[PDB]
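Colleague: The structure file entry.pdb (PDB, C-alpha atoms) is provided below.
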MODEL        1
ATOM      1  CA  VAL A   2       0.000   0.000   0.000
ATOM      2  CA  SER A   3       0.825   3.694  -0.225
ATOM      3  CA  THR A   4      -1.119   6.873   0.501
ATOM      4  CA  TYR A   5      -1.414  10.249  -1.270
ATOM      5  CA  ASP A   6      -2.952  13.661  -0.575
ATOM      6  CA  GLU A   7      -4.826  15.595  -3.185
ATOM      7  CA  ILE A   8      -6.134  19.157  -2.598
ATOM      8  CA  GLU A   9      -8.331  21.817  -4.358
ATOM      9  CA  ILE A  10      -6.821  25.031  -5.624
ATOM     10  CA  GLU A  11      -9.393  27.118  -3.660
ATOM     11  CA  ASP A  12      -7.913  25.691  -0.419
ATOM     12  CA  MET A  13      -4.545  27.190  -0.942
ATOM     13  CA  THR A  14      -3.399  30.694  -0.339
ATOM     14  CA  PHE A  15      -2.079  32.635  -3.250
ATOM     15  CA  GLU A  16       0.609  35.298  -2.654
ATOM     16  CA  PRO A  17       0.405  37.751  -5.563
ATOM     17  CA  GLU A  18       3.834  39.355  -4.943
ATOM     18  CA  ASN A  19       5.311  35.846  -5.336
ATOM     19  CA  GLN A  20       2.932  34.259  -7.874
ATOM     20  CA  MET A  21       2.854  31.264  -5.546
ATOM     21  CA  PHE A  22       0.265  29.050  -3.894
ATOM     22  CA  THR A  23       0.995  27.821  -0.400
ATOM     23  CA  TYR A  24      -0.660  25.393   1.993
ATOM     24  CA  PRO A  25       0.047  24.560   5.689
ATOM     25  CA  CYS A  26       2.655  21.794   5.744
ATOM     26  CA  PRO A  27       2.723  19.464   8.779
ATOM     27  CA  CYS A  28       6.456  20.130   9.194
ATOM     28  CA  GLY A  29       8.022  23.568   9.777
ATOM     29  CA  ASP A  30       7.374  24.599   6.240
ATOM     30  CA  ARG A  31       4.802  25.230   3.582
ATOM     31  CA  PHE A  32       3.609  23.294   0.519
ATOM     32  CA  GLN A  33       4.509  25.478  -2.472
ATOM     33  CA  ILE A  34       3.731  25.665  -6.134
ATOM     34  CA  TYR A  35       4.137  28.351  -8.720
ATOM     35  CA  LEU A  36       1.627  29.898 -11.013
ATOM     36  CA  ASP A  37       3.762  29.657 -14.196
ATOM     37  CA  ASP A  38       4.321  25.942 -13.713
ATOM     38  CA  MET A  39       0.622  25.190 -13.124
ATOM     39  CA  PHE A  40      -0.261  26.868 -16.420
ATOM     40  CA  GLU A  41       2.100  24.422 -18.121
ATOM     41  CA  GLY A  42       0.539  21.319 -16.434
ATOM     42  CA  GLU A  43       2.451  20.957 -13.092
ATOM     43  CA  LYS A  44       0.022  19.690 -10.475
ATOM     44  CA  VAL A  45       2.336  18.803  -7.625
ATOM     45  CA  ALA A  46       2.997  20.966  -4.593
ATOM     46  CA  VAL A  47       6.226  20.237  -2.705
ATOM     47  CA  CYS A  48       6.894  20.699   1.013
ATOM     48  CA  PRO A  49      10.788  20.951   1.435
ATOM     49  CA  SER A  50      11.190  21.288   5.303
ATOM     50  CA  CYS A  51      10.808  17.581   4.929
ATOM     51  CA  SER A  52       9.834  16.008   1.697
ATOM     52  CA  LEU A  53       6.128  15.453   1.248
ATOM     53  CA  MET A  54       4.107  16.083  -1.855
ATOM     54  CA  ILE A  55       0.525  17.070  -2.573
ATOM     55  CA  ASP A  56      -1.533  17.029  -5.813
ATOM     56  CA  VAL A  57      -3.380  20.288  -6.645
ATOM     57  CA  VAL A  58      -6.662  19.996  -8.575
ATOM     58  CA  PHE A  59      -7.306  22.933 -10.900
ATOM     59  CA  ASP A  60      -8.125  23.833 -14.541
ATOM     60  CA  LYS A  61      -6.920  26.863 -16.542
ATOM     61  CA  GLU A  62     -10.030  28.909 -15.805
ATOM     62  CA  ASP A  63      -9.430  28.600 -12.076
ATOM     63  CA  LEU A  64      -6.142  30.340 -12.925
ATOM     64  CA  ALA A  65      -7.604  33.526 -14.590
ATOM     65  CA  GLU A  66      -8.250  35.231 -11.183
ATOM     66  CA  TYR A  67      -4.769  34.811  -9.798
ATOM     67  CA  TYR A  68      -3.134  36.168 -12.942
ATOM     68  CA  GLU A  69      -5.222  39.261 -12.175
ATOM     69  CA  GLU A  70      -4.280  39.580  -8.483
ATOM     70  CA  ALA A  71      -0.625  39.208  -9.619
ATOM     71  CA  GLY A  72      -0.790  42.028 -12.136
ATOM     72  CA  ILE A  73       0.114  39.768 -15.110
ATOM     73  CA  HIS A  74      -1.423  37.947 -18.047
ATOM     74  CA  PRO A  75      -1.347  34.336 -19.072
ATOM     75  CA  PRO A  76       1.099  33.144 -21.878
ATOM     76  CA  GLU A  77      -2.040  32.347 -23.884
ATOM     77  CA  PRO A  78      -5.576  33.649 -23.269
ATOM     78  CA  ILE A  79      -7.962  31.625 -21.037
TER      79      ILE A  79
ENDMDL
END
Translate the structure described by the file into structure tokens.
Modeller:
Amino acid sequence: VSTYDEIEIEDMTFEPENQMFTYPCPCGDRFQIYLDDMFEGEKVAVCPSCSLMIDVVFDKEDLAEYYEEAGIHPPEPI
């Protein structure tokens, strides 16, 4: 057996200055994943105070709003 966490994009915090989604990580650190990577397909958030790894569920249209908060535009329109 093995076990794996999946989470919804809504549940994460976005930090517009950093273009980054974070989530509370049950170590000293935070799960982290970048906006530009997610646009390309990347769905895995990494917590590097340990290693642990969580799957983020989103589609492109869930990304429109955070482009806007960041002050930028997507590489291709959504």
Colleague: Given the file shown, determine the residues that the PyMOL selection byres ((chain A and resi 20) around 10) selects; report them as a PyMOL selection string.
Modeller: chain A and resi 15-19+21-22+34-37+67-68+70-73
Colleague: Take atom CA of residue 40 of chain A and atom CA of residue 5 of chain A and report the distance between them in Å, one decimal.
Modeller: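 Separation of atom CA of residue 40 of chain A and atom CA of residue 5 of chain A: 22.5 Å.
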Colleague: Quick one: residues within 7 Å of residue 32 of chain A, all atoms listed in the file, excluding same-chain residues fewer than 6 positions away - as an mmCIF file with C-alpha atoms, keeping the file's coordinate frame?
Modeller:
data_model
loop_
_atom_site.group_PDB
_atom_site.id
_atom_site.type_symbol
_atom_site.label_atom_id
_atom_site.label_comp_id
_atom_site.auth_asym_id
_atom_site.auth_seq_id
_atom_site.Cartn_x
_atom_site.Cartn_y
_atom_site.Cartn_z
ATOM 1 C CA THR A 23 0.995 27.821 -0.400
ATOM 2 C CA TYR A 24 -0.660 25.393 1.993
ATOM 3 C CA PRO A 25 0.047 24.560 5.689
ATOM 4 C CA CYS A 26 2.655 21.794 5.744
ATOM 5 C CA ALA A 46 2.997 20.966 -4.593
ATOM 6 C CA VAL A 47 6.226 20.237 -2.705
ATOM 7 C CA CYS A 48 6.894 20.699 1.013
#
Colleague: So that I can check the surroundings of residue 27 of chain A, please list as a count of residues only every protein, DNA and RNA residue that reaches within 12 Å of it, counting all atoms listed in the file and ignoring chain neighbours fewer than 3 positions away.
Modeller: 12
Colleague: Give me the residues within 8 Å of segment 8-11 of chain A as a list in words, counting all atoms listed in the file and dropping any in the same chain fewer than 6 places off.
Modeller: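 Returned residues: residues 55, 56, 57, 58, 59 and 63 of chain A.
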Colleague: Could you model N, CA and C atoms for segment 18-50 of chain A and present them as a PDB file, in the coordinates of the input?
Modeller:
ATOM      1  N   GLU A  18       2.487  38.814  -4.761  1.00  0.00           N
ATOM      2  CA  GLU A  18       3.834  39.355  -4.943  1.00  0.00           C
ATOM      3  C   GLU A  18       4.754  38.243  -5.451  1.00  0.00           C
ATOM      4  N   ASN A  19       4.458  37.001  -5.054  1.00  0.00           N
ATOM      5  CA  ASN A  19       5.311  35.846  -5.336  1.00  0.00           C
ATOM      6  C   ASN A  19       4.836  34.904  -6.420  1.00  0.00           C
ATOM      7  N   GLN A  20       3.613  35.149  -6.926  1.00  0.00           N
ATOM      8  CA  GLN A  20       2.932  34.259  -7.874  1.00  0.00           C
ATOM      9  C   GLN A  20       2.950  32.793  -7.429  1.00  0.00           C
ATOM     10  N   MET A  21       2.653  32.556  -6.154  1.00  0.00           N
ATOM     11  CA  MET A  21       2.854  31.264  -5.546  1.00  0.00           C
ATOM     12  C   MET A  21       1.680  30.844  -4.653  1.00  0.00           C
ATOM     13  N   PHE A  22       1.310  29.584  -4.744  1.00  0.00           N
ATOM     14  CA  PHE A  22       0.265  29.050  -3.894  1.00  0.00           C
ATOM     15  C   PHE A  22       0.929  28.281  -2.770  1.00  0.00           C
ATOM     16  N   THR A  23       0.486  28.531  -1.542  1.00  0.00           N
ATOM     17  CA  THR A  23       0.995  27.821  -0.400  1.00  0.00           C
ATOM     18  C   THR A  23      -0.096  27.083   0.341  1.00  0.00           C
ATOM     19  N   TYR A  24       0.298  26.139   1.190  1.00  0.00           N
ATOM     20  CA  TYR A  24      -0.660  25.393   1.993  1.00  0.00           C
ATOM     21  C   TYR A  24       0.082  25.005   3.261  1.00  0.00           C
ATOM     22  N   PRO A  25      -0.608  25.000   4.438  1.00  0.00           N
ATOM     23  CA  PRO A  25       0.047  24.560   5.689  1.00  0.00           C
ATOM     24  C   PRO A  25       0.624  23.146   5.553  1.00  0.00           C
ATOM     25  N   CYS A  26       1.924  23.049   5.833  1.00  0.00           N
ATOM     26  CA  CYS A  26       2.655  21.794   5.744  1.00  0.00           C
ATOM     27  C   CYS A  26       3.001  21.263   7.119  1.00  0.00           C
ATOM     28  N   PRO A  27       2.590  20.009   7.424  1.00  0.00           N
ATOM     29  CA  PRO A  27       2.723  19.464   8.779  1.00  0.00           C
ATOM     30  C   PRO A  27       4.181  19.136   9.138  1.00  0.00           C
ATOM     31  N   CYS A  28       5.060  20.082   8.812  1.00  0.00           N
ATOM     32  CA  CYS A  28       6.456  20.130   9.194  1.00  0.00           C
ATOM     33  C   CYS A  28       6.607  21.628   9.467  1.00  0.00           C
ATOM     34  N   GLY A  29       7.831  22.156   9.425  1.00  0.00           N
ATOM     35  CA  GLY A  29       8.022  23.568   9.777  1.00  0.00           C
ATOM     36  C   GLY A  29       7.649  24.488   8.624  1.00  0.00           C
ATOM     37  N   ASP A  30       7.314  23.886   7.494  1.00  0.00           N
ATOM     38  CA  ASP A  30       7.374  24.599   6.240  1.00  0.00           C
ATOM     39  C   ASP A  30       6.037  24.724   5.585  1.00  0.00           C
ATOM     40  N   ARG A  31       6.047  25.163   4.332  1.00  0.00           N
ATOM     41  CA  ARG A  31       4.802  25.230   3.582  1.00  0.00           C
ATOM     42  C   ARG A  31       4.893  24.506   2.236  1.00  0.00           C
ATOM     43  N   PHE A  32       3.815  23.787   1.890  1.00  0.00           N
ATOM     44  CA  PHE A  32       3.609  23.294   0.519  1.00  0.00           C
ATOM     45  C   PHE A  32       3.712  24.488  -0.426  1.00  0.00           C
ATOM     46  N   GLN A  33       4.370  24.342  -1.568  1.00  0.00           N
ATOM     47  CA  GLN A  33       4.509  25.478  -2.472  1.00  0.00           C
ATOM     48  C   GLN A  33       4.489  25.074  -3.909  1.00  0.00           C
ATOM     49  N   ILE A  34       3.913  25.940  -4.731  1.00  0.00           N
ATOM     50  CA  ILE A  34       3.731  25.665  -6.134  1.00  0.00           C
ATOM     51  C   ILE A  34       3.473  26.958  -6.828  1.00  0.00           C
ATOM     52  N   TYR A  35       4.048  27.086  -8.018  1.00  0.00           N
ATOM     53  CA  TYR A  35       4.137  28.351  -8.720  1.00  0.00           C
ATOM     54  C   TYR A  35       3.114  28.413  -9.813  1.00  0.00           C
ATOM     55  N   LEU A  36       2.605  29.629 -10.018  1.00  0.00           N
ATOM     56  CA  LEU A  36       1.627  29.898 -11.013  1.00  0.00           C
ATOM     57  C   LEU A  36       2.103  29.511 -12.414  1.00  0.00           C
ATOM     58  N   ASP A  37       3.363  29.812 -12.769  1.00  0.00           N
ATOM     59  CA  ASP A  37       3.762  29.657 -14.196  1.00  0.00           C
ATOM     60  C   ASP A  37       3.853  28.176 -14.545  1.00  0.00           C
ATOM     61  N   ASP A  38       4.228  27.382 -13.556  1.00  0.00           N
ATOM     62  CA  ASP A  38       4.321  25.942 -13.713  1.00  0.00           C
ATOM     63  C   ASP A  38       2.957  25.273 -13.888  1.00  0.00           C
ATOM     64  N   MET A  39       2.003  25.661 -13.033  1.00  0.00           N
ATOM     65  CA  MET A  39       0.622  25.190 -13.124  1.00  0.00           C
ATOM     66  C   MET A  39      -0.025  25.419 -14.482  1.00  0.00           C
ATOM     67  N   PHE A  40       0.165  26.603 -15.056  1.00  0.00           N
ATOM     68  CA  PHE A  40      -0.261  26.868 -16.420  1.00  0.00           C
ATOM     69  C   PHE A  40       0.289  25.803 -17.361  1.00  0.00           C
ATOM     70  N   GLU A  41       1.533  25.388 -17.185  1.00  0.00           N
ATOM     71  CA  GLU A  41       2.100  24.422 -18.121  1.00  0.00           C
ATOM     72  C   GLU A  41       1.581  22.979 -17.924  1.00  0.00           C
ATOM     73  N   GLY A  42       0.906  22.707 -16.804  1.00  0.00           N
ATOM     74  CA  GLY A  42       0.539  21.319 -16.434  1.00  0.00           C
ATOM     75  C   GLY A  42       0.900  20.821 -15.026  1.00  0.00           C
ATOM     76  N   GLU A  43       2.032  21.252 -14.481  1.00  0.00           N
ATOM     77  CA  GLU A  43       2.451  20.957 -13.092  1.00  0.00           C
ATOM     78  C   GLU A  43       1.320  20.918 -12.098  1.00  0.00           C
ATOM     79  N   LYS A  44       1.136  19.796 -11.410  1.00  0.00           N
ATOM     80  CA  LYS A  44       0.022  19.690 -10.475  1.00  0.00           C
ATOM     81  C   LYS A  44       0.488  19.318  -9.078  1.00  0.00           C
ATOM     82  N   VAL A  45       1.790  19.326  -8.876  1.00  0.00           N
ATOM     83  CA  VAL A  45       2.336  18.803  -7.625  1.00  0.00           C
ATOM     84  C   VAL A  45       2.922  19.926  -6.785  1.00  0.00           C
ATOM     85  N   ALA A  46       2.394  20.077  -5.579  1.00  0.00           N
ATOM     86  CA  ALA A  46       2.997  20.966  -4.593  1.00  0.00           C
ATOM     87  C   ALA A  46       3.917  20.184  -3.657  1.00  0.00           C
ATOM     88  N   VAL A  47       5.103  20.770  -3.458  1.00  0.00           N
ATOM     89  CA  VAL A  47       6.226  20.237  -2.705  1.00  0.00           C
ATOM     90  C   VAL A  47       6.417  20.944  -1.351  1.00  0.00           C
ATOM     91  N   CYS A  48       6.449  20.168  -0.269  1.00  0.00           N
ATOM     92  CA  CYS A  48       6.894  20.699   1.013  1.00  0.00           C
ATOM     93  C   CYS A  48       8.342  20.274   1.392  1.00  0.00           C
ATOM     94  N   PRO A  49       9.343  21.180   1.202  1.00  0.00           N
ATOM     95  CA  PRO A  49      10.788  20.951   1.435  1.00  0.00           C
ATOM     96  C   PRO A  49      11.422  21.302   2.832  1.00  0.00           C
ATOM     97  N   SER A  50      10.635  21.298   3.919  1.00  0.00           N
ATOM     98  CA  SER A  50      11.190  21.288   5.303  1.00  0.00           C
ATOM     99  C   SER A  50      11.390  19.833   5.690  1.00  0.00           C
TER     100      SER A  50
END
